[PDB]
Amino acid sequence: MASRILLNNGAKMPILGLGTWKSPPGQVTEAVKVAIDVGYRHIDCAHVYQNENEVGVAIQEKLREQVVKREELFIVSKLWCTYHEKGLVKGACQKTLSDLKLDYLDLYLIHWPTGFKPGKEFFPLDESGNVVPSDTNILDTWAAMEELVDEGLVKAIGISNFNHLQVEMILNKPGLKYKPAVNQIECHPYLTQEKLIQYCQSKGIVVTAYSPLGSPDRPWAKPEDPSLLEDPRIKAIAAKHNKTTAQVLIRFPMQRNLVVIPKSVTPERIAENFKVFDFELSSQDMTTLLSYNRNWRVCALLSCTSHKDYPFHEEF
């Protein structure tokens, strides 16, 4: 299968990208350089990751070296929760553009549906430890995202961590100008997301699967938690196909018509993770992997469960 998926803005998005959350700033420049050298054409970024300057150094060097042309890259970033105010969206986008050393983004996402009080802190707290919300809703933030398209700063806009009712809310927005192109959500064999994926795809919204390997480097990992990479059933499917477990975990969402964004800063794994276009999981393999769902989340935004727009109380 094909390397890119067509978005509802008419542009094509590479189905494999490199994730950068937790990629240390002293390692991510080489990670992105290696990724581009071995074929990656999509990098998933965010201001909250604090490493966009270093990602940008790599992008700029590979453009300067003429390893790739800008039109061949698909660079994604995300608007942090403390910038949901309509007067802050442009500046947030522009800071990301300046750090990534880009004149446009291919895709800019609302990182979470939850808006927080603006300020220096990414998670502003009250004296009791609750995250302080913003009163700006998802629809006014969306209008501000639409303006970025109309100013040439971004080619596509989308959402991330939106539940089905929140997707619907955008789709039903009075005066909607641009539909979301993408909803980026956690998705892997333990969180298969069957209901939300079907909804989004039925509406022409492409889904990107994050944490496809189960984010073994997440900072809140516990010994007892389920581990995709170590799951012998998944290992068995990998062995049958003469591939690694990670390669199965990456190919899985691809065959669901998803985009997938595994993260690594290890050169060998960056290359490994890209060598997924030369085998096929059977339908039986796909059904089997889907059967491992247990509604287990890496990213539950646990500090924000009272926020009015917290996404994960809703079944989907």
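Throughout, we count residues from 1 along the sequence that is shown. Just so we're on the same page, rigid core means the largest C-alpha set that superposes within 1.5 Å between forms.
J.: Going by root mean square C-alpha distance after a core fit, say whether 20-28 or 298-306 is farther from the shown form in 4 other deposited structures of this protein.
T.: So, of the two stretches, the farther one in 4 other deposited structures of this protein is 298-306.
J.: What stretch shows more C-alpha movement in 4 other deposited structures of this protein relative to this form, 216-224 or 233-241, after the core is superposed?
T.: Of the two stretches, the larger average C-alpha offset in 4 other deposited structures of this protein falls on 216-224.
J.: Please compare 270-278 with 249-257 and say which has the higher mean C-alpha temperature factor in the record.
T.: 270-278 has the higher mean C-alpha B-factor.
J.: Tell me which stretch, 231-239 or 106-114, has the higher mean Cα B-factor listed in the entry.
T.: Mean C-alpha B-factor is greater for 231-239.
J.: Of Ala156, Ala221, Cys81, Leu73, which one's C-alpha B factor is largest in the deposited record?
T.: Top of the list by C-alpha B-factor: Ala221.
J.: Per the entry, which of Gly214, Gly87, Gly175, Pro133 tops the list for Cα B factor?
T.: It is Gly87.
J.: Consider only the C-alpha atoms of the modelled residues in this chain, order them by B-factor as the entry records it, and name the third containing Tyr292: lowest, middle or highest.
T.: For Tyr292, whose C-alpha B-factor we compare with every modelled residue in the chain, the answer is the middle third.
J.: Could you place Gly10 in the lowest, middle or highest third of its chain by Cα temperature factor, using the values in the record?
T.: Top third by C-alpha B-factor.
J.: State the tercile, meaning the lowest, middle or highest third, of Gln94 with respect to the CA B-factors recorded for its chain.
T.: As the PDB entry reports it, the C-alpha B-factor of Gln94 lands in the middle third of its chain.
J.: Among the chain's modelled residues, which third holds the C-alpha B-factor of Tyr190?
T.: Ranked within chain, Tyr190 CA B lands in the middle tercile.
J.: Classify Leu16 as lowest, middle or highest third according to the C-alpha B-factor given in the PDB entry, relative to its own chain.
T.: CA B-factor rank for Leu16: middle third.
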